[PDB]
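Everything below belongs to final-v5.cif, which stores mmCIF, C-alpha atoms.
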```
data_target
loop_
_atom_site.group_PDB
_atom_site.id
_atom_site.type_symbol
_atom_site.label_atom_id
_atom_site.label_comp_id
_atom_site.auth_asym_id
_atom_site.auth_seq_id
_atom_site.Cartn_x
_atom_site.Cartn_y
_atom_site.Cartn_z
ATOM 1 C CA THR O 1 -17.602 -0.959 -18.857
ATOM 2 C CA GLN O 2 -16.676 -3.094 -15.863
ATOM 3 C CA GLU O 3 -13.713 -4.630 -17.698
ATOM 4 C CA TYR O 4 -12.461 -1.128 -18.583
ATOM 5 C CA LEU O 5 -12.549 -0.105 -14.915
ATOM 6 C CA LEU O 6 -10.724 -3.285 -13.832
ATOM 7 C CA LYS O 7 -7.917 -2.394 -16.255
ATOM 8 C CA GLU O 8 -7.696 1.059 -14.622
ATOM 9 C CA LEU O 9 -7.347 -0.546 -11.187
ATOM 10 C CA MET O 10 -4.464 -2.720 -12.410
ATOM 11 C CA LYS O 11 -2.665 0.385 -13.753
ATOM 12 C CA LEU O 12 -3.032 2.111 -10.375
ATOM 13 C CA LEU O 13 -1.599 -0.895 -8.489
ATOM 14 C CA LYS O 14 1.408 -0.949 -10.831
ATOM 15 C CA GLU O 15 2.028 2.709 -9.945
ATOM 16 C CA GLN O 16 1.990 1.801 -6.231
ATOM 17 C CA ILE O 17 4.669 -0.845 -6.903
ATOM 18 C CA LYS O 18 6.877 1.728 -8.663
ATOM 19 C CA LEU O 19 6.660 4.144 -5.712
ATOM 20 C CA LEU O 20 7.405 1.398 -3.152
ATOM 21 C CA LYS O 21 10.570 0.551 -5.085
ATOM 22 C CA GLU O 22 11.551 4.226 -4.901
ATOM 23 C CA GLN O 23 11.084 4.116 -1.111
ATOM 24 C CA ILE O 24 13.317 1.036 -0.871
ATOM 25 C CA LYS O 25 16.066 2.883 -2.754
ATOM 26 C CA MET O 26 15.786 5.737 -0.242
ATOM 27 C CA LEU O 27 15.906 3.346 2.728
ATOM 28 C CA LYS O 28 19.197 1.975 1.371
ATOM 29 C CA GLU O 29 20.635 5.504 1.279
ATOM 30 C CA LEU O 30 19.598 5.948 4.926
ATOM 31 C CA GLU O 31 21.172 2.593 5.842
ATOM 32 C CA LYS O 32 24.606 3.894 4.816
ATOM 33 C CA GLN O 33 24.272 6.450 7.645
ATOM 34 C CA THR C 1 -24.211 -1.047 -8.673
ATOM 35 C CA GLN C 2 -20.975 -2.678 -9.822
ATOM 36 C CA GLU C 3 -19.731 0.272 -11.914
ATOM 37 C CA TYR C 4 -20.250 2.600 -8.927
ATOM 38 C CA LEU C 5 -18.271 0.286 -6.614
ATOM 39 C CA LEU C 6 -15.398 -0.042 -9.104
ATOM 40 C CA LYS C 7 -15.216 3.757 -9.471
ATOM 41 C CA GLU C 8 -15.037 4.126 -5.684
ATOM 42 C CA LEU C 9 -12.098 1.698 -5.630
ATOM 43 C CA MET C 10 -10.420 3.835 -8.329
ATOM 44 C CA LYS C 11 -10.670 6.907 -6.101
ATOM 45 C CA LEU C 12 -9.282 5.044 -3.058
ATOM 46 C CA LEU C 13 -6.308 3.683 -5.021
ATOM 47 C CA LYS C 14 -5.525 7.200 -6.291
ATOM 48 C CA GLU C 15 -5.561 8.447 -2.701
ATOM 49 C CA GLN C 16 -3.116 5.653 -1.753
ATOM 50 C CA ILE C 17 -0.716 6.809 -4.481
ATOM 51 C CA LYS C 18 -0.857 10.396 -3.166
ATOM 52 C CA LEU C 19 0.074 9.214 0.344
ATOM 53 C CA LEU C 20 3.020 7.185 -0.979
ATOM 54 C CA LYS C 21 4.326 10.320 -2.732
ATOM 55 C CA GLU C 22 4.029 12.335 0.483
ATOM 56 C CA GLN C 23 6.031 9.636 2.300
ATOM 57 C CA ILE C 24 8.813 9.928 -0.311
ATOM 58 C CA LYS C 25 9.143 13.662 0.387
ATOM 59 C CA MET C 26 9.726 12.910 4.064
ATOM 60 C CA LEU C 27 12.304 10.184 3.395
ATOM 61 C CA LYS C 28 14.244 12.657 1.212
ATOM 62 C CA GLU C 29 14.312 15.192 4.054
ATOM 63 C CA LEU C 30 15.577 12.486 6.443
ATOM 64 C CA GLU C 31 18.401 11.541 4.074
ATOM 65 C CA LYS C 32 19.584 15.161 3.929
ATOM 66 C CA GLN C 33 20.716 15.086 7.563
ATOM 67 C CA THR Q 1 14.137 17.208 13.322
ATOM 68 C CA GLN Q 2 14.473 13.447 12.920
ATOM 69 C CA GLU Q 3 11.674 12.954 15.459
ATOM 70 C CA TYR Q 4 9.306 15.276 13.588
ATOM 71 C CA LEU Q 5 9.759 13.473 10.266
ATOM 72 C CA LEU Q 6 9.330 9.957 11.713
ATOM 73 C CA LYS Q 7 6.062 10.992 13.408
ATOM 74 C CA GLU Q 8 4.724 12.406 10.137
ATOM 75 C CA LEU Q 9 5.509 9.104 8.395
ATOM 76 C CA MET Q 10 3.511 7.272 11.082
ATOM 77 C CA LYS Q 11 0.466 9.494 10.469
ATOM 78 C CA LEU Q 12 0.574 8.806 6.724
ATOM 79 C CA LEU Q 13 0.725 5.016 7.259
ATOM 80 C CA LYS Q 14 -2.293 5.220 9.572
ATOM 81 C CA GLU Q 15 -4.179 6.993 6.766
ATOM 82 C CA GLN Q 16 -3.296 4.164 4.367
ATOM 83 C CA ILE Q 17 -4.794 1.636 6.813
ATOM 84 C CA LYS Q 18 -8.027 3.652 6.946
ATOM 85 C CA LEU Q 19 -8.284 3.564 3.132
ATOM 86 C CA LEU Q 20 -7.558 -0.195 2.913
ATOM 87 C CA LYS Q 21 -10.474 -0.849 5.272
ATOM 88 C CA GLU Q 22 -12.765 1.121 2.929
ATOM 89 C CA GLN Q 23 -11.446 -0.900 -0.035
ATOM 90 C CA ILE Q 24 -12.409 -4.159 1.724
ATOM 91 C CA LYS Q 25 -15.960 -2.894 2.205
ATOM 92 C CA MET Q 26 -16.305 -2.128 -1.516
ATOM 93 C CA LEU Q 27 -15.046 -5.614 -2.461
ATOM 94 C CA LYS Q 28 -17.541 -7.158 -0.026
ATOM 95 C CA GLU Q 29 -20.398 -5.399 -1.812
ATOM 96 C CA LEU Q 30 -19.136 -6.484 -5.247
ATOM 97 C CA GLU Q 31 -18.970 -10.102 -4.070
ATOM 98 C CA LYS Q 32 -22.714 -10.111 -3.312
ATOM 99 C CA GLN Q 33 -23.495 -9.162 -6.940
ATOM 100 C CA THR J 1 -14.656 -18.225 -10.127
ATOM 101 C CA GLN J 2 -15.790 -14.640 -9.520
ATOM 102 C CA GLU J 3 -16.576 -15.466 -5.881
ATOM 103 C CA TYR J 4 -13.162 -17.109 -5.355
ATOM 104 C CA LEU J 5 -11.264 -14.158 -6.813
ATOM 105 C CA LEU J 6 -13.108 -11.479 -4.813
ATOM 106 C CA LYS J 7 -12.729 -13.386 -1.523
ATOM 107 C CA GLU J 8 -8.999 -13.859 -2.137
ATOM 108 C CA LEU J 9 -8.575 -10.142 -2.884
ATOM 109 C CA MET J 10 -10.168 -9.321 0.490
ATOM 110 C CA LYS J 11 -7.700 -11.657 2.245
ATOM 111 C CA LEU J 12 -4.729 -9.980 0.539
ATOM 112 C CA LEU J 13 -5.881 -6.513 1.633
ATOM 113 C CA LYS J 14 -6.126 -7.736 5.235
ATOM 114 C CA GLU J 15 -2.535 -8.978 4.985
ATOM 115 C CA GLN J 16 -1.500 -5.538 3.709
ATOM 116 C CA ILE J 17 -2.993 -3.946 6.852
ATOM 117 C CA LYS J 18 -0.893 -6.283 9.023
ATOM 118 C CA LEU J 19 2.285 -5.214 7.201
ATOM 119 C CA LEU J 20 1.440 -1.504 7.611
ATOM 120 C CA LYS J 21 1.007 -1.994 11.371
ATOM 121 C CA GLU J 22 4.481 -3.567 11.545
ATOM 122 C CA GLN J 23 5.950 -0.676 9.517
ATOM 123 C CA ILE J 24 4.525 1.714 12.129
ATOM 124 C CA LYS J 25 6.179 -0.360 14.885
ATOM 125 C CA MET J 26 9.581 -0.136 13.176
ATOM 126 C CA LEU J 27 9.230 3.650 12.877
ATOM 127 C CA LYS J 28 8.415 3.880 16.589
ATOM 128 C CA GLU J 29 11.525 1.829 17.399
ATOM 129 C CA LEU J 30 13.626 4.127 15.186
ATOM 130 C CA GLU J 31 12.183 7.118 17.050
ATOM 131 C CA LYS J 32 13.388 5.689 20.378
ATOM 132 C CA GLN J 33 16.999 5.448 19.149
ATOM 133 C CA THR D 1 20.100 -1.130 15.945
ATOM 134 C CA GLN D 2 19.143 1.694 13.549
ATOM 135 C CA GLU D 3 20.597 -0.220 10.605
ATOM 136 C CA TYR D 4 18.747 -3.422 11.617
ATOM 137 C CA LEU D 5 15.424 -1.548 11.756
ATOM 138 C CA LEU D 6 15.960 0.102 8.361
ATOM 139 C CA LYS D 7 16.675 -3.304 6.816
ATOM 140 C CA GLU D 8 13.456 -4.675 8.359
ATOM 141 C CA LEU D 9 11.475 -1.808 6.806
ATOM 142 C CA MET D 10 12.966 -2.727 3.418
ATOM 143 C CA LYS D 11 11.789 -6.336 3.865
ATOM 144 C CA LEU D 12 8.258 -5.182 4.760
ATOM 145 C CA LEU D 13 8.009 -3.034 1.608
ATOM 146 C CA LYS D 14 9.197 -5.976 -0.492
ATOM 147 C CA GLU D 15 6.393 -8.032 1.061
ATOM 148 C CA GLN D 16 3.878 -5.302 0.126
ATOM 149 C CA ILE D 17 5.049 -5.446 -3.496
ATOM 150 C CA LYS D 18 4.512 -9.232 -3.528
ATOM 151 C CA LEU D 19 0.925 -8.817 -2.269
ATOM 152 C CA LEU D 20 0.222 -6.132 -4.905
ATOM 153 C CA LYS D 21 1.482 -8.453 -7.654
ATOM 154 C CA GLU D 22 -0.893 -11.145 -6.397
ATOM 155 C CA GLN D 23 -3.797 -8.676 -6.418
ATOM 156 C CA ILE D 24 -3.010 -7.802 -10.046
ATOM 157 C CA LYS D 25 -3.181 -11.528 -10.943
ATOM 158 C CA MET D 26 -6.705 -11.737 -9.495
ATOM 159 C CA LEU D 27 -7.893 -8.565 -11.242
ATOM 160 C CA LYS D 28 -6.455 -9.930 -14.505
ATOM 161 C CA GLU D 29 -8.683 -13.033 -14.275
ATOM 162 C CA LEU D 30 -11.737 -10.909 -13.375
ATOM 163 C CA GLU D 31 -11.046 -8.715 -16.417
ATOM 164 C CA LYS D 32 -11.015 -11.772 -18.715
ATOM 165 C CA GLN D 33 -14.485 -12.688 -17.416
#
```
Written as structure tokens, how would this file's structure read?
Amino acid sequence: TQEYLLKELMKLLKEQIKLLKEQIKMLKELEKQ
Amino acid sequence: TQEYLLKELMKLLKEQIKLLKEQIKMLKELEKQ
Amino acid sequence: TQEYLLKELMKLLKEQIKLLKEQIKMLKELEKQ
Amino acid sequence: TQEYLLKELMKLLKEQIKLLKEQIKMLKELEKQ
Amino acid sequence: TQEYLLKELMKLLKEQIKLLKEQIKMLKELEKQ
């Protein structure tokens, strides 16, 4: 059961990475202004 | 109490994801002007 | 305004710091087990 | 070891807090402009 | 100045992503145990 929960935590951290990359793309749009 | 502690980390990581999505909404508004 | 949206981003980052501190406390308890 | 991995995770979260504090500082500098 | 600050925010988010990748490495070894 502990191993199953550790796999869930890794999935949630990967989602944080995806959203941070979306923020970087938005910061580049702002940099053109 | 390891399963309890891992479930509490799951909830905190989900809350982090929610905050990142709220930040993206604000960056989009900033880009519009 | 620009000022309004930057201040809201600051509040959301401060909330992320609060949650990271709670995550550290959960890891500290796991380490003892 | 389990102890090594949990102690290193705690150190990485503390480094994340330091980055968030610097992100807040950059937003405050943007606000002044 | 505004462009310099936006580029610094991009660098800080890239540093966050690197820390999150390192956290995933540690959770991966804990899951194998």
key: Pairwise distance for CA of residue 16 (chain J) and CA of residue 19 (chain C), rounded to one decimal in Å   =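 Going from CA of residue 16 (chain J) over to CA of residue 19 (chain C) covers 15.2 Å.
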inquiry  = Could you tell me, as a ChimeraX atom specification, exactly which residues end up selected when the PyMOL selection byres ((chain J) within 7 of (chain D)) is applied to this structure?
reply    = /J:2,5,9,12,16,19,23,26,30
request  = Mind giving me the straight-line distance from CA of residue 31 (chain J) to CA of residue 14 (chain J) in Å, one decimal?
outcome  =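 We find that CA of residue 31 (chain J) and CA of residue 14 (chain J) lie 26.4 Å from each other.
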Coordinates of chain Q after Cα superposition on chain O, as an mmCIF file with C-alpha atoms, in the coordinates of the input:
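What ended up in selection-v2.cif:
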```
data_model
loop_
_atom_site.group_PDB
_atom_site.id
_atom_site.type_symbol
_atom_site.label_atom_id
_atom_site.label_comp_id
_atom_site.auth_asym_id
_atom_site.auth_seq_id
_atom_site.Cartn_x
_atom_site.Cartn_y
_atom_site.Cartn_z
ATOM 1 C CA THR Q 1 -17.868 -1.034 -18.550
ATOM 2 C CA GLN Q 2 -16.744 -3.563 -15.950
ATOM 3 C CA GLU Q 3 -13.702 -4.376 -18.097
ATOM 4 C CA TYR Q 4 -12.671 -0.720 -18.361
ATOM 5 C CA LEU Q 5 -12.763 -0.161 -14.596
ATOM 6 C CA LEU Q 6 -10.822 -3.341 -13.721
ATOM 7 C CA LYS Q 7 -8.050 -2.393 -16.179
ATOM 8 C CA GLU Q 8 -7.765 1.076 -14.639
ATOM 9 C CA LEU Q 9 -7.387 -0.495 -11.184
ATOM 10 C CA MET Q 10 -4.533 -2.642 -12.530
ATOM 11 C CA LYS Q 11 -2.699 0.444 -13.833
ATOM 12 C CA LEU Q 12 -2.962 2.172 -10.448
ATOM 13 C CA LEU Q 13 -1.550 -0.872 -8.601
ATOM 14 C CA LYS Q 14 1.392 -0.975 -11.016
ATOM 15 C CA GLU Q 15 2.091 2.675 -10.141
ATOM 16 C CA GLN Q 16 2.117 1.794 -6.431
ATOM 17 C CA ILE Q 17 4.761 -0.887 -7.097
ATOM 18 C CA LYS Q 18 6.934 1.677 -8.897
ATOM 19 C CA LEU Q 19 6.760 4.007 -5.870
ATOM 20 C CA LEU Q 20 7.548 1.220 -3.356
ATOM 21 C CA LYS Q 21 10.739 0.447 -5.283
ATOM 22 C CA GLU Q 22 11.783 4.111 -4.953
ATOM 23 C CA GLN Q 23 11.029 3.972 -1.209
ATOM 24 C CA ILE Q 24 13.392 0.988 -0.815
ATOM 25 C CA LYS Q 25 16.190 2.935 -2.494
ATOM 26 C CA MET Q 26 15.772 5.843 -0.060
ATOM 27 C CA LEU Q 27 15.882 3.483 2.948
ATOM 28 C CA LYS Q 28 19.048 1.879 1.553
ATOM 29 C CA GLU Q 29 20.756 5.273 1.481
ATOM 30 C CA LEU Q 30 19.631 6.098 5.034
ATOM 31 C CA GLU Q 31 21.037 2.783 6.274
ATOM 32 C CA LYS Q 32 24.545 3.741 5.102
ATOM 33 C CA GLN Q 33 24.463 6.887 7.286
#
```
Reconstructed region 1-26 of chain Q, atom set N, CA, C and O atoms, as a PDB file, in the frame of the given file:
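Result went into rebuild_25.pdb, see below:
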```pdb
ATOM      1  N   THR Q   1      13.230  18.144  12.677  1.00  0.00           N
ATOM      2  CA  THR Q   1      14.137  17.208  13.322  1.00  0.00           C
ATOM      3  C   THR Q   1      13.854  15.789  12.848  1.00  0.00           C
ATOM      4  O   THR Q   1      12.868  15.549  12.150  1.00  0.00           O
ATOM      5  N   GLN Q   2      14.727  14.852  13.222  1.00  0.00           N
ATOM      6  CA  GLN Q   2      14.473  13.447  12.920  1.00  0.00           C
ATOM      7  C   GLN Q   2      13.152  12.987  13.524  1.00  0.00           C
ATOM      8  O   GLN Q   2      12.365  12.294  12.864  1.00  0.00           O
ATOM      9  N   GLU Q   3      12.892  13.375  14.775  1.00  0.00           N
ATOM     10  CA  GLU Q   3      11.674  12.954  15.459  1.00  0.00           C
ATOM     11  C   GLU Q   3      10.430  13.469  14.745  1.00  0.00           C
ATOM     12  O   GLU Q   3       9.448  12.734  14.588  1.00  0.00           O
ATOM     13  N   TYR Q   4      10.458  14.721  14.289  1.00  0.00           N
ATOM     14  CA  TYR Q   4       9.306  15.276  13.588  1.00  0.00           C
ATOM     15  C   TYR Q   4       8.985  14.478  12.330  1.00  0.00           C
ATOM     16  O   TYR Q   4       7.819  14.173  12.059  1.00  0.00           O
ATOM     17  N   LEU Q   5      10.006  14.125  11.549  1.00  0.00           N
ATOM     18  CA  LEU Q   5       9.759  13.473  10.266  1.00  0.00           C
ATOM     19  C   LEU Q   5       9.296  12.026  10.441  1.00  0.00           C
ATOM     20  O   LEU Q   5       8.469  11.547   9.656  1.00  0.00           O
ATOM     21  N   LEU Q   6       9.799  11.320  11.463  1.00  0.00           N
ATOM     22  CA  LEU Q   6       9.330   9.957  11.713  1.00  0.00           C
ATOM     23  C   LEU Q   6       7.868   9.939  12.156  1.00  0.00           C
ATOM     24  O   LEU Q   6       7.094   9.070  11.731  1.00  0.00           O
ATOM     25  N   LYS Q   7       7.461  10.908  12.989  1.00  0.00           N
ATOM     26  CA  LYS Q   7       6.062  10.992  13.408  1.00  0.00           C
ATOM     27  C   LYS Q   7       5.128  11.315  12.246  1.00  0.00           C
ATOM     28  O   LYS Q   7       3.994  10.826  12.214  1.00  0.00           O
ATOM     29  N   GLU Q   8       5.571  12.137  11.293  1.00  0.00           N
ATOM     30  CA  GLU Q   8       4.724  12.406  10.137  1.00  0.00           C
ATOM     31  C   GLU Q   8       4.572  11.170   9.258  1.00  0.00           C
ATOM     32  O   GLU Q   8       3.503  10.953   8.680  1.00  0.00           O
ATOM     33  N   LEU Q   9       5.626  10.357   9.135  1.00  0.00           N
ATOM     34  CA  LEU Q   9       5.509   9.104   8.395  1.00  0.00           C
ATOM     35  C   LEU Q   9       4.503   8.165   9.054  1.00  0.00           C
ATOM     36  O   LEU Q   9       3.729   7.490   8.364  1.00  0.00           O
ATOM     37  N   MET Q  10       4.481   8.120  10.389  1.00  0.00           N
ATOM     38  CA  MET Q  10       3.511   7.272  11.082  1.00  0.00           C
ATOM     39  C   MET Q  10       2.077   7.699  10.772  1.00  0.00           C
ATOM     40  O   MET Q  10       1.206   6.852  10.544  1.00  0.00           O
ATOM     41  N   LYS Q  11       1.813   9.010  10.763  1.00  0.00           N
ATOM     42  CA  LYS Q  11       0.466   9.494  10.469  1.00  0.00           C
ATOM     43  C   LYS Q  11       0.024   9.095   9.068  1.00  0.00           C
ATOM     44  O   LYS Q  11      -1.142   8.746   8.856  1.00  0.00           O
ATOM     45  N   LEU Q  12       0.941   9.139   8.098  1.00  0.00           N
ATOM     46  CA  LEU Q  12       0.574   8.806   6.724  1.00  0.00           C
ATOM     47  C   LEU Q  12       0.281   7.312   6.569  1.00  0.00           C
ATOM     48  O   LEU Q  12      -0.612   6.926   5.796  1.00  0.00           O
ATOM     49  N   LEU Q  13       1.013   6.451   7.298  1.00  0.00           N
ATOM     50  CA  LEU Q  13       0.725   5.016   7.259  1.00  0.00           C
ATOM     51  C   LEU Q  13      -0.627   4.703   7.891  1.00  0.00           C
ATOM     52  O   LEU Q  13      -1.346   3.811   7.426  1.00  0.00           O
ATOM     53  N   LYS Q  14      -0.979   5.411   8.968  1.00  0.00           N
ATOM     54  CA  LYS Q  14      -2.293   5.220   9.572  1.00  0.00           C
ATOM     55  C   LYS Q  14      -3.412   5.612   8.612  1.00  0.00           C
ATOM     56  O   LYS Q  14      -4.465   4.963   8.590  1.00  0.00           O
ATOM     57  N   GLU Q  15      -3.191   6.636   7.784  1.00  0.00           N
ATOM     58  CA  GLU Q  15      -4.179   6.993   6.766  1.00  0.00           C
ATOM     59  C   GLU Q  15      -4.305   5.905   5.702  1.00  0.00           C
ATOM     60  O   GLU Q  15      -5.401   5.660   5.185  1.00  0.00           O
ATOM     61  N   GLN Q  16      -3.198   5.242   5.347  1.00  0.00           N
ATOM     62  CA  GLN Q  16      -3.296   4.164   4.367  1.00  0.00           C
ATOM     63  C   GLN Q  16      -4.127   3.000   4.904  1.00  0.00           C
ATOM     64  O   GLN Q  16      -4.861   2.348   4.149  1.00  0.00           O
ATOM     65  N   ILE Q  17      -3.997   2.702   6.203  1.00  0.00           N
ATOM     66  CA  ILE Q  17      -4.794   1.636   6.813  1.00  0.00           C
ATOM     67  C   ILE Q  17      -6.277   1.971   6.722  1.00  0.00           C
ATOM     68  O   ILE Q  17      -7.104   1.114   6.390  1.00  0.00           O
ATOM     69  N   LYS Q  18      -6.631   3.221   7.033  1.00  0.00           N
ATOM     70  CA  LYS Q  18      -8.027   3.652   6.946  1.00  0.00           C
ATOM     71  C   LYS Q  18      -8.592   3.410   5.545  1.00  0.00           C
ATOM     72  O   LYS Q  18      -9.705   2.892   5.393  1.00  0.00           O
ATOM     73  N   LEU Q  19      -7.813   3.735   4.509  1.00  0.00           N
ATOM     74  CA  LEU Q  19      -8.284   3.564   3.132  1.00  0.00           C
ATOM     75  C   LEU Q  19      -8.402   2.083   2.750  1.00  0.00           C
ATOM     76  O   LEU Q  19      -9.333   1.702   2.031  1.00  0.00           O
ATOM     77  N   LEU Q  20      -7.469   1.237   3.208  1.00  0.00           N
ATOM     78  CA  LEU Q  20      -7.558  -0.195   2.913  1.00  0.00           C
ATOM     79  C   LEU Q  20      -8.833  -0.797   3.495  1.00  0.00           C
ATOM     80  O   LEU Q  20      -9.465  -1.667   2.874  1.00  0.00           O
ATOM     81  N   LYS Q  21      -9.230  -0.352   4.690  1.00  0.00           N
ATOM     82  CA  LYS Q  21     -10.474  -0.849   5.272  1.00  0.00           C
ATOM     83  C   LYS Q  21     -11.680  -0.468   4.416  1.00  0.00           C
ATOM     84  O   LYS Q  21     -12.603  -1.270   4.254  1.00  0.00           O
ATOM     85  N   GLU Q  22     -11.684   0.738   3.835  1.00  0.00           N
ATOM     86  CA  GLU Q  22     -12.765   1.121   2.929  1.00  0.00           C
ATOM     87  C   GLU Q  22     -12.746   0.293   1.647  1.00  0.00           C
ATOM     88  O   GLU Q  22     -13.804  -0.017   1.086  1.00  0.00           O
ATOM     89  N   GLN Q  23     -11.548  -0.062   1.158  1.00  0.00           N
ATOM     90  CA  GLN Q  23     -11.446  -0.900  -0.035  1.00  0.00           C
ATOM     91  C   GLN Q  23     -12.052  -2.282   0.207  1.00  0.00           C
ATOM     92  O   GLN Q  23     -12.749  -2.819  -0.659  1.00  0.00           O
ATOM     93  N   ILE Q  24     -11.819  -2.860   1.390  1.00  0.00           N
ATOM     94  CA  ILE Q  24     -12.409  -4.159   1.724  1.00  0.00           C
ATOM     95  C   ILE Q  24     -13.931  -4.087   1.675  1.00  0.00           C
ATOM     96  O   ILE Q  24     -14.599  -5.003   1.177  1.00  0.00           O
ATOM     97  N   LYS Q  25     -14.503  -2.991   2.170  1.00  0.00           N
ATOM     98  CA  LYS Q  25     -15.960  -2.894   2.205  1.00  0.00           C
ATOM     99  C   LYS Q  25     -16.534  -2.843   0.794  1.00  0.00           C
ATOM    100  O   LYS Q  25     -17.601  -3.416   0.534  1.00  0.00           O
ATOM    101  N   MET Q  26     -15.833  -2.181  -0.135  1.00  0.00           N
ATOM    102  CA  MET Q  26     -16.305  -2.128  -1.516  1.00  0.00           C
ATOM    103  C   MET Q  26     -16.237  -3.504  -2.174  1.00  0.00           C
ATOM    104  O   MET Q  26     -17.159  -3.895  -2.895  1.00  0.00           O
TER     105      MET Q  26
END
```
